Amino acid sequence: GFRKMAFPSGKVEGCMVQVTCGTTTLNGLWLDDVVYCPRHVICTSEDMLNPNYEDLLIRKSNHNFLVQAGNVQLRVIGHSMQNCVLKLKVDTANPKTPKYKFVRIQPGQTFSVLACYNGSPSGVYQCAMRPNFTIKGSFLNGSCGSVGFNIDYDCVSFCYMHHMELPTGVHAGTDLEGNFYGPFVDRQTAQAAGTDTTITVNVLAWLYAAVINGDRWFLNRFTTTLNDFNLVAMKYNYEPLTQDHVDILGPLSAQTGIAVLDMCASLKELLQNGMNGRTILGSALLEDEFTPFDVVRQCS
Amino acid sequence: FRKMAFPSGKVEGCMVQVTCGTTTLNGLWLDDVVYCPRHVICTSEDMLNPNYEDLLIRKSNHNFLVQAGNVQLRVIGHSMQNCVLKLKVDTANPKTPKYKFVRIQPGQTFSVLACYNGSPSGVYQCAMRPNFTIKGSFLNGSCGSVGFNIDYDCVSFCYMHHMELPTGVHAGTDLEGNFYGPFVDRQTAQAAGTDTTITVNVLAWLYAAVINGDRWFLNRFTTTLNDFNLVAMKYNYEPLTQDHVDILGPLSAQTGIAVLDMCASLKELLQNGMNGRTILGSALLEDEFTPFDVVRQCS
Ligand SMILES: *[C@H](O)[C@H](C[C@@H]1CCNC1=O)NC(=O)[C@H](CC(C)C)NC(=O)OC[C@@H]1CCC(=O)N1CCc1ccccc1
Ligand SMILES: *[C@H](O)[C@H](C[C@@H]1CCNC1=O)NC(=O)[C@H](CC(C)C)NC(=O)OC[C@@H]1CCC(=O)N1CCc1ccccc1
């Protein structure tokens with residue numbers, strides 16, 4: 001079978017806390033003796049439209065930040081700002097702090113989101129960083145500070161923290177250094193993204209997964225050159241496929257005996273002809289939020 | 001709308017591995033009991049048609065290797081309940097959540113924590129199909145992985161994984177060891193009944209579309225429940241039960257559209273098709289979001 005699968009979220013759940021300043025409440029990430037959260041928690045209504053964050057932050061005291069881990073209040077003993085994230089230093093270390101690191105992911109890469117409200121985890125799902133640096137998340141009011149992550153062995157690699165929804169309903173945020181993905185800004189304004197494109201190497205991975213699970217109606221007898229495929233792919237607002245992408249698809253190619261450029265010829269036919277009512281792995285649309293690695297691990 | 005799983009940490013803290021000879025699967029460690037599929041006691045060649053009672057009579061506590069990670073939990077008692085093994089262990093799980101064992105209905109959804117050798121690998125959302133299979137993602141060694149829902153702080157355990165069918169869907173039991181559907185834990189070819197579309201969930205999905213301002217498909221007609229069920233079966237949709245009508249209640253109230261009026265709108269979509277339009281960015285009607293799922297993501 002094949003499902004959109006998230007990493008188990010327990011190691012991240014034990015880091016989540018609630019952070020309040022004024023009448024604003026969102027989530028923080030508690031690692032060792034530091035809590036990370038979106039800086040716009042210091043903003044009032046009158047601040048949110050053009051917040052001069054350095055100016056607003058210097059006027060705040062440690063005691064203006066109310067941090068709660070379940071029943072317990074954590075005492076803030078210092079605060080600083082790193083780009084769009086606030087670092088609240090606390091007098092107590094999180095014992096549940098896992099082995100972790102902070103990474104900035106590339107567009108087309110995937111990661112799990114642990115959506116939280118008032119510091120309590122509510123759900124977990126899988127996302128990709130879109131080529132236009134938005135994410136198609138499920139985030140309501142109160143979800144800021146929810147984080148996205150990958151787990152390699154015993155290590156949690158944090159790659160996203162949530163800050164906002166765009167008018168189109170997609171979402172935008174930062175890495176754990178507080179740098180936004182994309183051309184967005186932590187002010188209360190309607191912001192449009194650049195035109196999105198489809199993550200081709202991931203569509204190809206998913207087609208291979210469909211074959212591994214017995215679905216093959218979209219295959220064809222034809223091949224294509226890499227450049228002629230890319231010409232068609234760009235026409236349809238699909239990302240170009242690089243030779244590194246081709247190399248990454250090798251394992252999936254070997255396992256199934258379908259040359260990458262044969263699968264590209266299939267995808268080209270799907271783009272030109274559409275799906276003619278049919279479905280692949282349940283979907284009526286071509287899915288682009290599985291990486292080759294995602295498909296490999298899940299299918300062995 | 002995403003498929004969203006429950007946070008899995010409370011269940012991760014309960015996963016262990018259980019080994020008999022070379023056969024290793026997963027178990028669920030709550031208080032001082034470990035729950036797992038009984039077929040752990042079967043050699044690969046025993047699985048063709050096992051005599052579970054006779055295989056268990058030859059077993060002693062000291063034939064069972066239970067491990068949390070690499071740490072052995074000594075087994076101090078054992079009993080078979082339907083198709084699961086209960087192994088009493090000498091340590092109460094310090095991470096035991098508040099929990100319940102529940103038997104769910106077809107159509108209901110739940111999160112699966114896929115595990116191998118006692119270690120969680122992934123979590124995803126499943127629906128229990130009307131033919132009592134699930135469209136899971138499971139490899140060798142996944143048995144004893146569990147499906148669950150979390151209400152407030154209480155984990156309601158509803159599924160334990162035992163097997164894959166010829167069509168590549170999956171079958172298992174509740175935590176009392178009773179299979180969902182007409183399957184047995186024997187390495188024999190078995191067939192699921194023909195599957196049907198989960199009508200209550202499709203209706204939930206239509207409510208979700210209305211809540212988001214997508215309401216072209218609403219019409220001025222209504223229907224009886226019986227007339228709707230008889231029409232729906234002709235399109236291989238499940239009949240609605242009284243419980244289905246009940247769990248659509250909150251979405252009915254939220255939108256002010258009576259359940260039976262939404263049924264009349266769906267009947268017209270069945271009878272006339274989408275005429276080329278979409279609902280919620282899709283020509284397909286989705287059937288694996290329950291009314292609870294719709295609430296979790298809209299409000
Ligand atoms: C933090 O919890 C919250 C998360 C948001 C809330 C809705 N969904 C989410 O993911 N973040 C915020 O509220 C942002 C705070 C800023 C960065 C100071 N703002 C935000 O997400 O605004 C969302 C709304 C939805 C529609 C839209 O365009 N905007 C932007 C603000 C706005 C401008 C003009 C008109 C209406 C809204
Ligand atoms: C337990 O980890 C394992 C999980 C399986 C492994 C592959 N995917 C899964 O979900 N369960 C088992 O191996 C089952 C043990 C029995 C119930 C004692 N058996 C099982 O899953 O058999 C699967 C195979 C795949 C093809 C097929 O038809 N079957 C069923 C039995 C069978 C019939 C005919 C020919 C070969 C096997």
# chains A, B, ... in the order shown; residues from 1 in each chain; ligands from 1

call {"tool": "residues_near_ligand", "arguments": {"ligand": "ligand 2", "cutoff": "10 Å", "atoms": "only C-alpha atoms and all ligand atoms", "output": "number ranges by chain"}}
result
A: 1; B: 23-26, 37-50, 83, 115-117, 136-145, 161-172, 183-191

call {"tool": "interface_residues", "arguments": {"of": "chain B", "to": "chain A", "cutoff": "8 Å", "atoms": "only C-alpha atoms", "output": "PyMOL selection string"}}
result
chain B and resi 1-10+12+113+120-124+135-139+168-169+282-284+297+299

call {"tool": "closest_residue", "arguments": {"among": "A:264, A:254, A:275, A:48", "to": "ligand 1", "atoms": "only C-alpha atoms and all ligand atoms"}}
result
A:48

call {"tool": "closest_atom_pairs", "arguments": {"of": "chain A", "to": "ligand 1", "cutoff": "10 Å", "atoms": "only C-alpha atoms and all ligand atoms", "output": "CSV"}}
result
residue,atom,partner,partner_atom_place_in_ligand_line,distance
A:24,CA,ligand 1,2 (O),8.8
A:25,CA,ligand 1,2 (O),7.7
A:26,CA,ligand 1,2 (O),5.8
A:27,CA,ligand 1,2 (O),8.1
A:38,CA,ligand 1,1 (C),8.3
A:39,CA,ligand 1,18 (C),8.9
A:40,CA,ligand 1,18 (C),5.5
A:41,CA,ligand 1,18 (C),8.1
A:42,CA,ligand 1,18 (C),9.6
A:43,CA,ligand 1,18 (C),7.3
A:44,CA,ligand 1,18 (C),9.0
A:45,CA,ligand 1,18 (C),8.8
A:47,CA,ligand 1,18 (C),8.5
A:48,CA,ligand 1,18 (C),5.0
A:49,CA,ligand 1,18 (C),7.3
A:50,CA,ligand 1,18 (C),9.0
A:51,CA,ligand 1,18 (C),8.3
A:84,CA,ligand 1,17 (C),9.9
A:116,CA,ligand 1,2 (O),9.5
A:117,CA,ligand 1,2 (O),8.3
A:118,CA,ligand 1,2 (O),9.7
A:137,CA,ligand 1,10 (O),8.1
A:138,CA,ligand 1,10 (O),7.5
A:139,CA,ligand 1,10 (O),4.4
A:140,CA,ligand 1,8 (N),4.2
A:141,CA,ligand 1,6 (C),3.9
A:142,CA,ligand 1,2 (O),3.7
A:143,CA,ligand 1,2 (O),4.3
A:144,CA,ligand 1,2 (O),3.6
A:145,CA,ligand 1,2 (O),7.3
A:146,CA,ligand 1,2 (O),8.6
A:162,CA,ligand 1,10 (O),7.1
A:163,CA,ligand 1,11 (N),5.1
A:164,CA,ligand 1,21 (O),3.4
A:165,CA,ligand 1,21 (O),3.9
A:166,CA,ligand 1,28 (O),4.9
A:167,CA,ligand 1,28 (O),3.8
A:168,CA,ligand 1,28 (O),7.6
A:169,CA,ligand 1,25 (C),7.3
A:170,CA,ligand 1,10 (O),8.1
A:171,CA,ligand 1,10 (O),6.0
A:172,CA,ligand 1,10 (O),7.8
A:173,CA,ligand 1,17 (C),9.0
A:184,CA,ligand 1,17 (C),9.1
A:185,CA,ligand 1,17 (C),6.9
A:186,CA,ligand 1,17 (C),3.8
A:187,CA,ligand 1,18 (C),4.2
A:188,CA,ligand 1,18 (C),4.3
A:189,CA,ligand 1,33 (C),4.0
A:190,CA,ligand 1,28 (O),3.8
A:191,CA,ligand 1,28 (O),6.4
A:192,CA,ligand 1,28 (O),8.5

call {"tool": "write_last_selection", "arguments": {"atoms": "N, CA and C atoms", "output": "short mmCIF file (atom, residue, chain, number, x, y, z; two decimals), in the first residue's frame"}}
result
data_model
loop_
_atom_site.label_atom_id
_atom_site.label_comp_id
_atom_site.auth_asym_id
_atom_site.auth_seq_id
_atom_site.Cartn_x
_atom_site.Cartn_y
_atom_site.Cartn_z
N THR A 24 -2.03 37.88 23.06
CA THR A 24 -1.64 36.96 22.00
C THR A 24 -1.07 35.68 22.59
N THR A 25 -1.54 34.55 22.09
CA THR A 25 -1.07 33.25 22.56
C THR A 25 -0.78 32.38 21.35
N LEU A 26 0.41 31.79 21.34
CA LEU A 26 0.83 30.84 20.32
C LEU A 26 1.74 29.83 20.99
N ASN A 27 2.36 28.97 20.18
CA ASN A 27 3.18 27.87 20.65
C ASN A 27 4.65 28.22 20.61
N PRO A 38 7.51 32.48 17.33
CA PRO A 38 7.42 33.62 16.42
C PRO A 38 7.44 34.95 17.18
N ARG A 39 8.20 35.90 16.65
CA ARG A 39 8.38 37.17 17.35
C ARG A 39 7.11 37.99 17.36
N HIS A 40 6.22 37.80 16.35
CA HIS A 40 5.01 38.60 16.29
C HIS A 40 4.07 38.35 17.47
N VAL A 41 4.42 37.47 18.42
CA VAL A 41 3.65 37.38 19.65
C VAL A 41 3.77 38.66 20.50
N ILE A 42 4.80 39.48 20.28
CA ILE A 42 4.93 40.73 21.05
C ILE A 42 4.09 41.84 20.47
N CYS A 43 3.49 41.57 19.32
CA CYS A 43 2.74 42.62 18.60
C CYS A 43 1.29 42.76 19.06
N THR A 44 0.85 44.00 19.27
CA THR A 44 -0.54 44.32 19.51
C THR A 44 -1.19 44.56 18.17
N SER A 45 -2.49 44.85 18.18
CA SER A 45 -3.17 45.20 16.95
C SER A 45 -2.46 46.35 16.25
N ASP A 47 0.37 47.37 16.37
CA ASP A 47 1.73 47.04 15.95
C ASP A 47 1.77 46.22 14.66
N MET A 48 0.76 45.37 14.44
CA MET A 48 0.88 44.29 13.46
C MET A 48 1.02 44.81 12.03
N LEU A 49 0.54 46.02 11.74
CA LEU A 49 0.56 46.50 10.36
C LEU A 49 1.96 46.90 9.87
N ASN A 50 2.79 47.51 10.74
CA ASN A 50 4.17 47.87 10.38
C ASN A 50 5.01 47.78 11.64
N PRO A 51 5.23 46.56 12.15
CA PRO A 51 5.91 46.39 13.44
C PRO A 51 7.41 46.64 13.32
N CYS A 84 13.18 36.53 12.60
CA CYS A 84 11.77 36.50 12.95
C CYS A 84 11.43 35.56 14.12
N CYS A 116 -0.05 22.54 16.57
CA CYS A 116 -0.32 22.74 17.99
C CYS A 116 -1.18 23.99 18.22
N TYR A 117 -1.93 23.98 19.32
CA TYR A 117 -2.78 25.09 19.74
C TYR A 117 -2.67 25.20 21.26
N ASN A 118 -2.43 26.42 21.78
CA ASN A 118 -2.19 26.64 23.21
C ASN A 118 -1.15 25.70 23.80
N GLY A 137 -0.57 23.78 4.16
CA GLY A 137 -0.75 23.24 5.49
C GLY A 137 -2.20 23.34 5.93
N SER A 138 -2.43 22.84 7.12
CA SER A 138 -3.70 23.00 7.81
C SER A 138 -3.33 23.68 9.11
N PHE A 139 -3.58 24.98 9.15
CA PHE A 139 -3.18 25.83 10.25
C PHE A 139 -4.33 26.79 10.49
N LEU A 140 -4.83 26.83 11.71
CA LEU A 140 -5.86 27.77 12.12
C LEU A 140 -5.25 28.85 13.00
N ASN A 141 -6.09 29.77 13.45
CA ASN A 141 -5.67 30.69 14.50
C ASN A 141 -5.05 29.91 15.65
N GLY A 142 -4.00 30.48 16.25
CA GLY A 142 -3.36 29.84 17.36
C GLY A 142 -2.27 28.85 17.01
N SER A 143 -2.11 28.50 15.73
CA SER A 143 -1.13 27.49 15.32
C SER A 143 0.29 28.02 15.17
N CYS A 144 0.51 29.34 15.13
CA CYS A 144 1.88 29.84 15.02
C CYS A 144 2.78 29.20 16.07
N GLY A 145 4.03 28.97 15.68
CA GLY A 145 4.98 28.27 16.54
C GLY A 145 4.98 26.76 16.36
N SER A 146 3.92 26.21 15.77
CA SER A 146 3.98 24.82 15.28
C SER A 146 5.19 24.65 14.36
N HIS A 162 5.91 27.97 11.99
CA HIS A 162 4.78 28.57 11.30
C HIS A 162 4.49 29.99 11.79
N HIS A 163 4.26 30.91 10.84
CA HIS A 163 3.95 32.30 11.14
C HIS A 163 2.64 32.84 10.53
N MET A 164 2.15 32.32 9.40
CA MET A 164 1.05 33.04 8.73
C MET A 164 0.35 32.24 7.63
N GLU A 165 -0.87 32.71 7.30
CA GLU A 165 -1.65 32.23 6.16
C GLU A 165 -1.75 33.34 5.12
N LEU A 166 -1.63 32.99 3.89
CA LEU A 166 -1.82 33.92 2.80
C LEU A 166 -3.29 33.96 2.40
N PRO A 167 -3.69 34.98 1.63
CA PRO A 167 -5.10 35.06 1.20
C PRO A 167 -5.59 33.84 0.45
N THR A 168 -4.72 33.19 -0.34
CA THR A 168 -5.11 32.01 -1.09
C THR A 168 -5.30 30.79 -0.22
N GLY A 169 -4.98 30.88 1.07
CA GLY A 169 -5.12 29.79 1.99
C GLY A 169 -3.89 28.93 2.18
N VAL A 170 -2.79 29.20 1.48
CA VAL A 170 -1.54 28.49 1.77
C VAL A 170 -0.83 29.21 2.92
N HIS A 171 0.35 28.72 3.30
CA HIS A 171 0.97 29.09 4.56
C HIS A 171 2.44 29.44 4.36
N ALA A 172 2.95 30.26 5.27
CA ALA A 172 4.33 30.71 5.17
C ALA A 172 4.94 30.81 6.56
N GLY A 173 6.25 30.63 6.59
CA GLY A 173 6.97 30.55 7.83
C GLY A 173 8.47 30.59 7.61
N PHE A 184 8.19 36.56 2.00
CA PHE A 184 7.14 36.99 2.92
C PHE A 184 7.72 37.68 4.15
N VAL A 185 6.83 38.34 4.87
CA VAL A 185 7.16 39.23 5.98
C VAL A 185 6.12 39.05 7.07
N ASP A 186 6.59 39.08 8.32
CA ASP A 186 5.72 38.91 9.52
C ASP A 186 4.99 40.21 9.87
N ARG A 187 4.25 40.77 8.93
CA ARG A 187 3.31 41.85 9.17
C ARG A 187 1.91 41.44 8.73
N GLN A 188 0.91 42.05 9.35
CA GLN A 188 -0.49 41.72 9.09
C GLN A 188 -0.90 42.38 7.77
N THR A 189 -0.50 41.77 6.65
CA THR A 189 -0.85 42.25 5.31
C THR A 189 -1.13 41.08 4.38
N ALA A 190 -1.97 41.35 3.39
CA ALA A 190 -2.28 40.35 2.36
C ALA A 190 -1.11 40.24 1.40
N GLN A 191 -0.49 39.07 1.37
CA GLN A 191 0.69 38.82 0.56
C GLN A 191 0.42 37.68 -0.40
N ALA A 192 0.75 37.92 -1.65
CA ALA A 192 0.70 36.92 -2.71
C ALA A 192 2.07 36.29 -2.88
#

call {"tool": "atom_distance", "arguments": {"atom1": "CA of residue 256 (chain A)", "atom2": "CA of residue 232 (chain A)"}}
result
24.6 Å

call {"tool": "residues_around", "arguments": {"residues": "region 157-161 of chain A", "least_positions_apart": "3", "cutoff": "6 Å", "atoms": "only C-alpha atoms", "output": "JSON, numbers by chain"}}
result
{"A": [100, 101, 102, 103, 104, 145, 146, 147, 148, 149, 150, 151, 173, 174, 175]}

call {"tool": "write_last_selection", "arguments": {"atoms": "N, CA and C atoms", "output": "PDB file, in the first residue's frame"}}
result
ATOM      1  N   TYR A 100      18.861  16.887  18.427  1.00  0.00           N
ATOM      2  CA  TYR A 100      18.263  17.701  17.377  1.00  0.00           C
ATOM      3  C   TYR A 100      19.305  18.523  16.640  1.00  0.00           C
ATOM      4  N   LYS A 101      18.870  19.061  15.504  1.00  0.00           N
ATOM      5  CA  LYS A 101      19.573  20.125  14.810  1.00  0.00           C
ATOM      6  C   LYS A 101      18.544  20.986  14.079  1.00  0.00           C
ATOM      7  N   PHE A 102      19.021  22.101  13.551  1.00  0.00           N
ATOM      8  CA  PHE A 102      18.227  23.061  12.803  1.00  0.00           C
ATOM      9  C   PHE A 102      18.731  23.044  11.378  1.00  0.00           C
ATOM     10  N   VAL A 103      17.832  22.852  10.412  1.00  0.00           N
ATOM     11  CA  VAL A 103      18.221  22.840   9.009  1.00  0.00           C
ATOM     12  C   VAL A 103      17.273  23.716   8.199  1.00  0.00           C
ATOM     13  N   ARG A 104      17.793  24.236   7.110  1.00  0.00           N
ATOM     14  CA  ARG A 104      17.004  24.927   6.116  1.00  0.00           C
ATOM     15  C   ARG A 104      16.822  23.970   4.947  1.00  0.00           C
ATOM     16  N   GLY A 145       4.030  28.967  15.685  1.00  0.00           N
ATOM     17  CA  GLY A 145       4.976  28.272  16.540  1.00  0.00           C
ATOM     18  C   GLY A 145       4.977  26.764  16.356  1.00  0.00           C
ATOM     19  N   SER A 146       3.919  26.205  15.767  1.00  0.00           N
ATOM     20  CA  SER A 146       3.977  24.818  15.278  1.00  0.00           C
ATOM     21  C   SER A 146       5.186  24.654  14.363  1.00  0.00           C
ATOM     22  N   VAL A 147       5.840  23.481  14.431  1.00  0.00           N
ATOM     23  CA  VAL A 147       7.102  23.259  13.729  1.00  0.00           C
ATOM     24  C   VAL A 147       6.973  22.087  12.761  1.00  0.00           C
ATOM     25  N   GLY A 148       7.834  22.123  11.751  1.00  0.00           N
ATOM     26  CA  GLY A 148       7.960  21.051  10.789  1.00  0.00           C
ATOM     27  C   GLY A 148       9.342  20.447  10.953  1.00  0.00           C
ATOM     28  N   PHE A 149       9.448  19.152  10.669  1.00  0.00           N
ATOM     29  CA  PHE A 149      10.655  18.431  11.049  1.00  0.00           C
ATOM     30  C   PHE A 149      10.795  17.134  10.258  1.00  0.00           C
ATOM     31  N   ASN A 150      12.020  16.634  10.240  1.00  0.00           N
ATOM     32  CA  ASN A 150      12.373  15.304   9.788  1.00  0.00           C
ATOM     33  C   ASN A 150      13.129  14.596  10.903  1.00  0.00           C
ATOM     34  N   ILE A 151      13.113  13.261  10.890  1.00  0.00           N
ATOM     35  CA  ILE A 151      13.836  12.484  11.894  1.00  0.00           C
ATOM     36  C   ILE A 151      14.770  11.519  11.174  1.00  0.00           C
ATOM     37  N   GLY A 173       6.248  30.630   6.590  1.00  0.00           N
ATOM     38  CA  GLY A 173       6.974  30.546   7.832  1.00  0.00           C
ATOM     39  C   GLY A 173       8.469  30.590   7.609  1.00  0.00           C
ATOM     40  N   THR A 174       9.195  30.266   8.685  1.00  0.00           N
ATOM     41  CA  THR A 174      10.635  30.424   8.764  1.00  0.00           C
ATOM     42  C   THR A 174      11.335  29.099   9.078  1.00  0.00           C
ATOM     43  N   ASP A 175      12.641  29.109   8.890  1.00  0.00           N
ATOM     44  CA  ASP A 175      13.477  28.080   9.491  1.00  0.00           C
ATOM     45  C   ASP A 175      13.696  28.450  10.965  1.00  0.00           C
TER      46      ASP A 175
END

call {"tool": "residues_around", "arguments": {"residues": "residue 207 (chain A)", "least_positions_apart": "4", "cutoff": "12 Å", "atoms": "only C-alpha atoms", "output": "MDAnalysis selection string"}}
result
chainID A and resid 2 200:203 211:219 249 252:253 256 258 260 262:267 270 279:281 283 285:292 295
